[PDB]
Amino acid sequence: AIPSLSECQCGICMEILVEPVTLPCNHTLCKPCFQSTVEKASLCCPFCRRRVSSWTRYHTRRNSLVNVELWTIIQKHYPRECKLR
Amino acid sequence: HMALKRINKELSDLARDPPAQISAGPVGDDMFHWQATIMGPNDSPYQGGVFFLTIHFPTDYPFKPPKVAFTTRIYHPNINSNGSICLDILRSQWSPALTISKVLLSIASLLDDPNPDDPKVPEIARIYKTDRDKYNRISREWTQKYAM
Amino acid sequence: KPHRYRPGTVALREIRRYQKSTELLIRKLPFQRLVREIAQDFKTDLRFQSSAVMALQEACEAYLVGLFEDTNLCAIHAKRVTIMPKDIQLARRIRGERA
Amino acid sequence: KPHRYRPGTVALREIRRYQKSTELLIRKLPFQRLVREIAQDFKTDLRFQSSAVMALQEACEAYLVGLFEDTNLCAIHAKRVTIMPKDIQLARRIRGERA
Amino acid sequence: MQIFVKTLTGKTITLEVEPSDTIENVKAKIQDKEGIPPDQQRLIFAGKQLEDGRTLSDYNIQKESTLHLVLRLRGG
Amino acid sequence: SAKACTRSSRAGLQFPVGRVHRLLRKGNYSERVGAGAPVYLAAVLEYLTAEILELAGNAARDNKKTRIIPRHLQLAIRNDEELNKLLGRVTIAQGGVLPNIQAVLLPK
Amino acid sequence: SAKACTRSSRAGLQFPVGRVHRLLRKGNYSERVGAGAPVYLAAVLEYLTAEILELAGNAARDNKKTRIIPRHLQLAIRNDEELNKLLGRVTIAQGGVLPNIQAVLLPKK
Amino acid sequence: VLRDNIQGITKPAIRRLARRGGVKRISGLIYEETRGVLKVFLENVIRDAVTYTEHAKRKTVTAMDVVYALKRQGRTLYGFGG
Amino acid sequence: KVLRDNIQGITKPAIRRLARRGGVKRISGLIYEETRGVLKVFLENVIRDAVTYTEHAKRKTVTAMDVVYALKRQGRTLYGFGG
Amino acid sequence: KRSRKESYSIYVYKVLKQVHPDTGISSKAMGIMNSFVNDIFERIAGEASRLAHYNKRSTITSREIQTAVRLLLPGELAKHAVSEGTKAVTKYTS
Amino acid sequence: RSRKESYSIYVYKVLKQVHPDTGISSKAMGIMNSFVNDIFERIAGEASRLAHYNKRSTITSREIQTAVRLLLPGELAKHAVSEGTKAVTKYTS
DNA sequence: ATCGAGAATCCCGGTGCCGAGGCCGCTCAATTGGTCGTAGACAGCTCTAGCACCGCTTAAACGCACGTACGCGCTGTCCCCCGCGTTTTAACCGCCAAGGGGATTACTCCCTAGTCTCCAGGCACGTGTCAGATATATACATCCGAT
DNA sequence: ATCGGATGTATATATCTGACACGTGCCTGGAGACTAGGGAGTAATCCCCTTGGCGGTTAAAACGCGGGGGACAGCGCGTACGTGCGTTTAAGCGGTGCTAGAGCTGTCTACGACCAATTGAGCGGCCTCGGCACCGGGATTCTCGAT
Ligand SMILES: [Zn+2]
Ligand SMILES: [Zn+2]
């Protein structure tokens, strides 16, 4: 099955996901929101409140924050929504 | 930008889903500054208590916690005279997932039953913890003399 | 007829067992007696708190384990399996403890 | 008819010679250019005092000399007279620079 | 005998008291007229705070005298 | 931050701020100590301790235990490259060593 | 002592007592500095400097030179034993290295 | 008085330490060299420990002295204070 | 004004002379690449601290003193250049 | 009686509870964490003091601590530590 | 310009006292200055740490003596402590 | 390529213990307020040398050819740790008992930081001169092919 | 076992030059006198814990024997590296031009040191209950001699 556009939008800024980060707590949100949170927020996942600092370091070293499957699926389904930015 | 659209969506959500015992709105043309009113819960010594409060919104939300203040000088075991509010949601457990409806309902719940584990004003905290009756009817006398 | 293990197949078992647990390996009283001997060689009429003796034993075990690790690595480098005193001397000289 | 030394004597002569000399064995300009390249990789638009470049070169030469000394000693330990890369990383591992 | 009280909130109030009246009585009357708690007031006259135990006559406060009130918040 | 509140919770920390300020002032490090230095140092200490404790707790939960022992701390410290490099010359008491056997030594 | 001459000359030293005292006081080492510590430290520093200078001068004389060059200092430091242990991590500019070759390298008779 | 106590560190103890280290086959002359190097290491640490415990005009060598000596030597130890 | 493949400036005879000073008779054919890698790593390690030191002081020219103290911090103290 | 001793026990326990709400910690682990915290504090403070003494200053501001953190810690740890310090200082200011 | 303190003349005097004829070059001057600074810094830091460990607040002569005994190897330490004791004894009277 | 007997290791269930976590009382240091001497941030000026360019030598790097010597694989020998069984020894636990020194408290006393004043020791600058690097030409130690 | 080339290394002598040792102005830092008071030396007391000893039991250490796998020595090879020579490349040195930036100086304003009062965060002591240590039984899995 395919999730709808209403569900896939970022849970923080109500926007379409922008190369999101897949957290170990199985939470997905757009990369600008994640960078803002790690830069100046509590450095914890907003939903279930579990810090991801070590995993963040491990994936930042390898540049694996982006989840390319979500990018490909969202751009093949909805080019216009991504292109309007 | 993102903040303005977020505030607009929050306003639309609270309008289409009004909360309980409270109401809120934009005081002026500027979307950042906000006003609200709350009614004293019936299962409390706050009978006949209407309270006006103001909300100041920073340049980003819900990225940063908004500022809350009580325009009406109302007695409370964990609230100062000038309106200073000691809420662990406000400055410690604040998260971007939290919305304005969530924080208003949380503060309403705190007014329903205050938490004395981390008192703001120790003297009235120990007044409350000593016995119920004097605290109850003294809170009643302020909430009648001030709110009404 | 009696079951005898091949030479070298139980040393691996000992390696696996000792690399998993973290107890002390040198008997406490002989080490304490040796430490007291060295101390009275340095200064006479000394008394040792048990915590100091335990700390010294911990440090000695750590140092010896590291030295044997380096010695094993050198012996493997030498296309051998046995560790010999020349390996220990080489490891100590490279680490700068003897120069 | 032409006279040529046996393979090995010239190397020993160079070892006996260079161990007395004290100047820099690396050409100044290539080292300066490499240092500037690394610096501009780290941060842009810096200028280097000549004394800083000289100190960097001296430190690098001393470090490389020590590394080659240890590598050759390991080669002699391994029943050989030729240093190979495996000797280099064995020396680095023992010295603890990479663990 | 009347005094001027100015607080940090910009509200000016008037109180009817006497020099023989204690500072505690002054604060009680302030609470009666405005609801300001007697135990959380810092009133300053001539650059010095007025202690609750003694009276106004000890501080030599006459007509038209102005008292500077600084609201005191406890805890945080 | 709002005035008139405890320094530790002003910036959302859990490590003490007054104690760190006193330690910097009385520790013979410098004649004068700035206002933001204790906050910065306390934040750094809290972050490092939180990381170490998170890794140790994860290892302990992996090891079917609900309490952290020095072995879990040793595993957490020596398993991550950055932490191992930072704590390179430090020996943890009763921590053991990481299990490894050289490939040549394995039987054929 | 009679307490008549300068502090350095009073103790019979050449290294400064006042400069060492100022460095100790202004160096942010401790709140208070004793009145005997600078003298003792100056004595230790002077003795170490004298030893190294004597060794370097002897090495230079054995090399038929009247001046101490960094090579002489490196020879003096490396050749001795206690100084080599003390300065086993330092690097001397223009120092070279002690000349030696492993016995295996030398050609067979 | 104690003498010839270096034999307290017996052959099985050295074998167990080597097995923990990760070695499979042990020669016959390792034990003497190991005893010598261990004696050297103990002498070096105990010298600084005794200096520390003597500078304070005390007479009992406590764990703080040992950890301070280890930290000075470059072998910082965790578990006994500091 | 970027620079490319400048690590080749450490030519083969230079490494050979360094080895001869170190006391090595016979040299293999693959030592040179490992030597270049080691030199690059050491330069990065020292230069990082040197640049940080010269950047904290709001300066633009790294001085020899910064290099000296970076080396001292790394444990390889240097004499004869100040400090 | 016995003199009062001050340590980093309760703060470490609070941090652990904030990280893992269902994990206890033994006494030896508490001692190890206390020693680690003290050692890291000493390292950072000493490096910052030396660096402040370099530029002929007498104040240890946030800049010296930031630079000392950048120097002592490895790459990723230093980056996240400097981010955390900047965040904490910014939140303390306002 | 600005003054820059150094131990140049003092080490030169010591050299003249030891060797009446030998000279010393500028590079050797810098090397000796760096060595003196390093040794002084090491001893001062160790003395400060010793003073702080024993809940003290002053750096007396005995703490410097203990630092010297800790730092230098055996024979050098004995010679240095003897020389310093002689110096302080001569100075105090 | 495999089957099976004997041995080592992991799971599971039950029982018992001691130390980790929470609570209570309390003493002391962190907080708040106010004051005051000064650290360095900033704007301004000077002037050093780091950068860039040009041209002329010639020393070092390079590619190629040749030869040889040693790194490596193979084979054989022997001998010495290893695994196991039996016997001797002291490690570890528990128990008791004394007293020596670490730790605390109170008292006193003198060492030193601070202030001011005064003056001379070493530093920046300049100059004369000879120690050693350089060039040139002899004397000898050593290596290599071959009897 | 050397003998004669032949190479490189070692040794004696002029020379000249630039870096080292010394003279000098001076000024900023070092030396001398007086006070206060807090840090440190010293006497007295308490009780923690450290040394010392006796008995048990038993896990660990010591000793001996068969043997099989690994350390070590010898041989052969061919390929990679030492050595020499002609050639192309850029390091090294001199000379000059320029300005970005290092370094020194004057203002003063705001960040930070010091002292009292005070009270709540944090520490010493107690108590308990559950997570962990331990034992017994059974299921699971490497291992090796024999096919
Ligand atoms: Zn978003
Ligand atoms: Zn989550």
# chains A, B, ... in the order shown; residues from 1 in each chain; ligands from 1

call {"tool": "residues_near_ligand", "arguments": {"ligand": "ligand 2", "cutoff": "7 Å", "atoms": "only C-alpha atoms (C1' of nucleotides) and all ligand atoms", "output": "ChimeraX atom specification"}}
result
/A:25-27,45-50

call {"tool": "interface_residues", "arguments": {"of": "chain I", "to": "chain J", "cutoff": "9 Å", "atoms": "only C-alpha atoms", "output": "PyMOL selection string"}}
result
chain I and resi 48-49+52-53+56-57

call {"tool": "residues_near_ligand", "arguments": {"ligand": "ligand 1", "cutoff": "10 Å", "atoms": "only C-alpha atoms (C1' of nucleotides) and all ligand atoms", "output": "count of residues only"}}
result
21

call {"tool": "residues_around", "arguments": {"residues": "residue K:79", "least_positions_apart": "2", "cutoff": "12 Å", "atoms": "only C-alpha atoms (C1' of nucleotides)", "output": "PyMOL selection string"}}
result
(chain G and resi 43-48+51) or (chain K and resi 65+68-69+72-77+81-86)

call {"tool": "write_last_selection", "arguments": {"atoms": "C-alpha atoms", "output": "PDB file, in the first residue's frame"}}
result
ATOM      1  CA  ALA G  43      69.483  26.072  42.731  1.00  0.00           C
ATOM      2  CA  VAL G  44      67.958  23.050  40.983  1.00  0.00           C
ATOM      3  CA  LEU G  45      67.739  24.860  37.642  1.00  0.00           C
ATOM      4  CA  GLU G  46      71.313  26.137  37.913  1.00  0.00           C
ATOM      5  CA  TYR G  47      72.639  22.671  38.739  1.00  0.00           C
ATOM      6  CA  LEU G  48      70.862  21.057  35.784  1.00  0.00           C
ATOM      7  CA  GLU G  51      75.543  19.661  34.107  1.00  0.00           C
TER       8      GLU G  51
ATOM      9  CA  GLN K  65      61.886  19.253  47.074  1.00  0.00           C
ATOM     10  CA  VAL K  68      62.209  17.431  42.330  1.00  0.00           C
ATOM     11  CA  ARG K  69      62.424  13.966  43.885  1.00  0.00           C
ATOM     12  CA  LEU K  72      64.240  13.686  38.056  1.00  0.00           C
ATOM     13  CA  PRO K  73      65.691  10.150  38.150  1.00  0.00           C
ATOM     14  CA  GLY K  74      67.431   8.828  41.244  1.00  0.00           C
ATOM     15  CA  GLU K  75      71.033  10.036  41.054  1.00  0.00           C
ATOM     16  CA  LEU K  76      70.107  13.382  39.492  1.00  0.00           C
ATOM     17  CA  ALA K  77      67.359  13.825  42.083  1.00  0.00           C
ATOM     18  CA  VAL K  81      68.103  18.002  46.384  1.00  0.00           C
ATOM     19  CA  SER K  82      71.541  18.179  48.013  1.00  0.00           C
ATOM     20  CA  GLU K  83      72.423  21.303  46.021  1.00  0.00           C
ATOM     21  CA  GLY K  84      69.113  22.966  46.842  1.00  0.00           C
ATOM     22  CA  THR K  85      69.403  22.145  50.538  1.00  0.00           C
ATOM     23  CA  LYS K  86      72.885  23.669  50.553  1.00  0.00           C
TER      24      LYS K  86
END

call {"tool": "closest_atom_pairs", "arguments": {"of": "chain G", "to": "chain I", "cutoff": "7 Å", "atoms": "only C-alpha atoms", "output": "JSON lines"}}
result
{"residue": "G:89", "atom": "CA", "partner": "I:76", "partner_atom": "CA", "distance": 6.2}
{"residue": "G:90", "atom": "CA", "partner": "I:77", "partner_atom": "CA", "distance": 5.0}
{"residue": "G:91", "atom": "CA", "partner": "I:78", "partner_atom": "CA", "distance": 5.0}
{"residue": "G:92", "atom": "CA", "partner": "I:79", "partner_atom": "CA", "distance": 5.5}
{"residue": "G:93", "atom": "CA", "partner": "I:80", "partner_atom": "CA", "distance": 6.0}
{"residue": "G:101", "atom": "CA", "partner": "I:23", "partner_atom": "CA", "distance": 6.4}

call {"tool": "write_last_selection", "arguments": {"atoms": "N, CA and C atoms", "output": "PDB file, in the first residue's frame"}}
result
ATOM      1  N   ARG G  89      61.524  12.507  25.393  1.00  0.00           N
ATOM      2  CA  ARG G  89      60.440  12.908  24.509  1.00  0.00           C
ATOM      3  C   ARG G  89      60.733  14.172  23.719  1.00  0.00           C
ATOM      4  N   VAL G  90      61.711  14.973  24.145  1.00  0.00           N
ATOM      5  CA  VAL G  90      61.991  16.235  23.476  1.00  0.00           C
ATOM      6  C   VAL G  90      62.667  15.982  22.130  1.00  0.00           C
ATOM      7  N   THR G  91      62.530  16.955  21.232  1.00  0.00           N
ATOM      8  CA  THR G  91      63.177  16.932  19.926  1.00  0.00           C
ATOM      9  C   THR G  91      64.070  18.158  19.810  1.00  0.00           C
ATOM     10  N   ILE G  92      65.342  17.937  19.497  1.00  0.00           N
ATOM     11  CA  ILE G  92      66.317  19.016  19.392  1.00  0.00           C
ATOM     12  C   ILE G  92      66.477  19.396  17.928  1.00  0.00           C
ATOM     13  N   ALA G  93      66.328  20.684  17.632  1.00  0.00           N
ATOM     14  CA  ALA G  93      66.511  21.161  16.269  1.00  0.00           C
ATOM     15  C   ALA G  93      67.976  21.062  15.863  1.00  0.00           C
ATOM     16  N   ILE G 101      74.812   1.159  13.898  1.00  0.00           N
ATOM     17  CA  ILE G 101      74.306   0.215  12.912  1.00  0.00           C
ATOM     18  C   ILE G 101      74.160  -1.139  13.590  1.00  0.00           C
TER      19      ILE G 101
END

call {"tool": "closest_residue", "arguments": {"among": "H:72, H:35, H:57, H:19", "to": "chain C", "atoms": "only C-alpha atoms"}}
result
H:19

call {"tool": "atom_distance", "arguments": {"atom1": "atom CA of residue K:62", "atom2": "atom CA of residue H:55"}}
result
8.2 Å

call {"tool": "residues_around", "arguments": {"residues": "residue B:144", "least_positions_apart": "2", "cutoff": "9 Å", "atoms": "only C-alpha atoms (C1' of nucleotides)", "output": "PyMOL selection string"}}
result
chain B and resi 46-49+139-142+146-148

call {"tool": "write_last_selection", "arguments": {"atoms": "N, CA and C atoms", "output": "short mmCIF file (atom, residue, chain, number, x, y, z; two decimals), in the first residue's frame"}}
result
data_model
loop_
_atom_site.label_atom_id
_atom_site.label_comp_id
_atom_site.auth_asym_id
_atom_site.auth_seq_id
_atom_site.Cartn_x
_atom_site.Cartn_y
_atom_site.Cartn_z
N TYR B 46 -12.02 27.83 43.24
CA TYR B 46 -11.99 28.92 42.26
C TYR B 46 -13.37 29.22 41.69
N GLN B 47 -14.42 29.06 42.49
CA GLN B 47 -15.77 29.32 42.02
C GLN B 47 -15.93 30.79 41.64
N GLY B 48 -16.61 31.03 40.53
CA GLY B 48 -16.77 32.38 40.03
C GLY B 48 -15.47 33.06 39.67
N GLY B 49 -14.49 32.30 39.18
CA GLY B 49 -13.19 32.85 38.86
C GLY B 49 -12.91 32.94 37.38
N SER B 139 -8.32 31.16 49.41
CA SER B 139 -8.33 31.20 47.95
C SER B 139 -9.70 31.62 47.44
N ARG B 140 -10.76 31.16 48.12
CA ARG B 140 -12.10 31.59 47.76
C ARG B 140 -12.28 33.09 47.96
N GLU B 141 -11.74 33.64 49.05
CA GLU B 141 -11.94 35.06 49.28
C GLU B 141 -11.20 35.90 48.25
N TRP B 142 -9.98 35.49 47.85
CA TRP B 142 -9.40 36.22 46.71
C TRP B 142 -10.21 36.03 45.44
N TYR B 146 -11.28 39.40 43.75
CA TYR B 146 -10.50 39.81 42.59
C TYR B 146 -11.22 39.53 41.28
N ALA B 147 -11.57 38.26 41.02
CA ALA B 147 -12.20 37.91 39.76
C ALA B 147 -13.56 38.58 39.62
N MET B 148 -14.34 38.63 40.70
CA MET B 148 -15.64 39.27 40.68
C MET B 148 -15.64 40.56 41.49
#

call {"tool": "residues_around", "arguments": {"residues": "residue H:29", "least_positions_apart": "2", "cutoff": "8 Å", "atoms": "only C-alpha atoms (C1' of nucleotides)", "output": "CSV table (one decimal) with N, CA and C atoms, in the first residue's frame"}}
result
chain,number,residue,atom,x,y,z
C,84,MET,N,58.0,-15.8,22.7
C,84,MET,CA,59.3,-16.0,23.3
C,84,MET,C,59.8,-14.7,23.9
C,85,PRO,N,60.8,-14.8,24.8
C,85,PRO,CA,61.3,-13.5,25.4
C,85,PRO,C,61.8,-12.4,24.5
H,27,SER,N,56.0,-20.3,25.5
H,27,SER,CA,57.3,-20.9,25.7
H,27,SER,C,57.7,-21.2,27.1
H,31,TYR,N,58.2,-17.0,31.8
H,31,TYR,CA,57.9,-16.8,33.2
H,31,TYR,C,58.9,-15.9,33.9
H,32,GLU,N,60.2,-16.2,33.7
H,32,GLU,CA,61.2,-15.4,34.3
H,32,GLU,C,61.2,-13.9,33.9
H,33,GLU,N,61.1,-13.7,32.5
H,33,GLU,CA,61.0,-12.4,32.0
H,33,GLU,C,59.8,-11.6,32.5

call {"tool": "residues_around", "arguments": {"residues": "stretch 97-101 of chain F", "least_positions_apart": "5", "cutoff": "7 Å", "atoms": "only C-alpha atoms (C1' of nucleotides)", "output": "list in words"}}
result
residues 19 and 20 of chain C; 22 of chain H

call {"tool": "write_last_selection", "arguments": {"atoms": "N, CA and C atoms", "output": "PDB file, in the first residue's frame"}}
result
ATOM      1  N   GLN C  19      38.414 -14.285  28.635  1.00  0.00           N
ATOM      2  CA  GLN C  19      38.106 -13.019  27.987  1.00  0.00           C
ATOM      3  C   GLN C  19      36.679 -12.560  28.242  1.00  0.00           C
ATOM      4  N   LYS C  20      35.856 -13.389  28.878  1.00  0.00           N
ATOM      5  CA  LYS C  20      34.464 -13.061  29.151  1.00  0.00           C
ATOM      6  C   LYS C  20      34.232 -12.599  30.582  1.00  0.00           C
TER       7      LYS C  20
ATOM      8  N   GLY H  22      45.214 -13.368  25.002  1.00  0.00           N
ATOM      9  CA  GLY H  22      44.833 -13.857  23.693  1.00  0.00           C
ATOM     10  C   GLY H  22      45.918 -14.627  22.974  1.00  0.00           C
TER      11      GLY H  22
END

call {"tool": "select_by_dssp", "arguments": {"residues": "chain D", "states": "alpha helix (DSSP H)", "output": "PyMOL selection string"}}
result
chain D and resi 9-18+28-42+50-77+85-95

call {"tool": "atom_distance", "arguments": {"atom1": "atom CA of residue G:19", "atom2": "atom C1' of residue M:40"}}
result
26.5 Å

call {"tool": "decode", "arguments": {"residues": "stretch 8-37 of chain D", "atoms": "C-alpha atoms", "output": "compact mmCIF listing (two decimals), in the first residue's frame"}}
result
# COMPACT_ATOMS: atom_id res chain seq x y z
CA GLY D 8 75.18 -3.20 -0.30
CA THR D 9 78.38 -1.28 0.40
CA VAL D 10 77.08 2.02 -0.99
CA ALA D 11 74.00 1.75 1.23
CA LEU D 12 76.19 1.25 4.30
CA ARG D 13 78.33 4.21 3.25
CA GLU D 14 75.23 6.40 2.96
CA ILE D 15 74.03 5.22 6.37
CA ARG D 16 77.40 6.12 7.89
CA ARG D 17 77.36 9.50 6.13
CA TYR D 18 73.83 10.82 6.68
CA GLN D 19 73.94 9.93 10.39
CA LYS D 20 76.52 12.73 10.75
CA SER D 21 74.77 15.37 8.64
CA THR D 22 72.23 17.66 10.30
CA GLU D 23 70.48 19.76 7.63
CA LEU D 24 66.97 19.19 6.27
CA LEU D 25 66.61 16.14 4.04
CA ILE D 26 63.34 17.34 2.46
CA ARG D 27 63.26 20.13 -0.11
CA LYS D 28 61.86 23.31 1.42
CA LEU D 29 59.46 24.47 -1.31
CA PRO D 30 57.52 21.19 -1.79
CA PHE D 31 57.01 20.86 1.97
CA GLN D 32 55.92 24.49 2.25
CA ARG D 33 53.44 24.02 -0.59
CA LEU D 34 52.02 20.86 0.99
CA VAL D 35 51.63 22.58 4.37
CA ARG D 36 49.86 25.50 2.69
CA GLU D 37 47.56 23.08 0.85
